[PDB]
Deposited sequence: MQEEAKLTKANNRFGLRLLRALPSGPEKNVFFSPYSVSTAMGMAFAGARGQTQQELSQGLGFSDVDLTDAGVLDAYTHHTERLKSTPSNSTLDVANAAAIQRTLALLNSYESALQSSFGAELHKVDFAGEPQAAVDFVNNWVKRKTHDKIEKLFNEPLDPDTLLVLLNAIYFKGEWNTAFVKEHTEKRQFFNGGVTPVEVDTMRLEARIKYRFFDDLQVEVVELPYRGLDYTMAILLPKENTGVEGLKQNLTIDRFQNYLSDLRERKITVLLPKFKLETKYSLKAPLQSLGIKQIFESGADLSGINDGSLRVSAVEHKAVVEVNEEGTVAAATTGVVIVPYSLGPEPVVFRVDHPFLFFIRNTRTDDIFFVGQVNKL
């Protein structure tokens, strides 16, 4: 398979692995862009060497798909290019950049790689002398690229020893192929945390929708496509009200793709809450739990960046989504901070569930959520 296809496979596997490691609870929703996180970590990977590079190759999923270090940069070039030129009814914008200390010398090779593989602009800032101005700059980049959906990634200035912040932003807007019928939206029961009944605005449609119940993990699956059917929201609904955490833990990328392959269009009724999520994560700890460790530590080898001693102090992520009768808008951003050292069917989404906004042509998974509380 193509390098870009290997990369999609690595990104997707990493995506579910990260999903499993994110903080979750009956009162705490989960939402993030694994594609955003992977892309930002790819930019750091471009500058990693030695054991640090090998550990990242492993962690980001490259090794398991036989995607070589050089192949990663190739694959990213093709992702970046196809993202620009792809004809769709839906909007998907991905942007990358690097905020660099004004007096930091980057290796020419790294600067070139950021441009060629990621289309990443460089922007000089004064991390050391002007922490407020530097973080204002970074946040205003995030705001423009997420189409104003995320105002700030960093709520406080960065530590003045910061030398580089690698940034990714993503924005998605789609309209449903089959809109929910707004006249039929009503307050309906939803089991918050799988156990606490509340009333929430709940949307209704009845149409031929890709659907299957799978006995293996006792899960109903649908895909709700956007216009043109090239993007979809896949929804995984546990049989049991309290089934979501177990579902998340049991899911693998092969099982997920196999579920998708087995869906068939069927006339069903879908009852789906309208909802908005807004989340934020410090990803260092979850990334460490996935075995990505050396990059965070003294002794890290990021010498492909500036031929010096650099490590990652933090990886921060923010994400937002709005789901309603017309469609979906989602955005996310990631910042890597671097320092020196047939019978009727009713698909009733009335309890916690997982969803995935994906491209059906490429298999790219752009957004993933777990809805626990509404």
Practice problem: Enumerate the deposited-sequence segments absent from the coordinates, judged by C-alpha atoms, in order of position. | Solution: 342-344
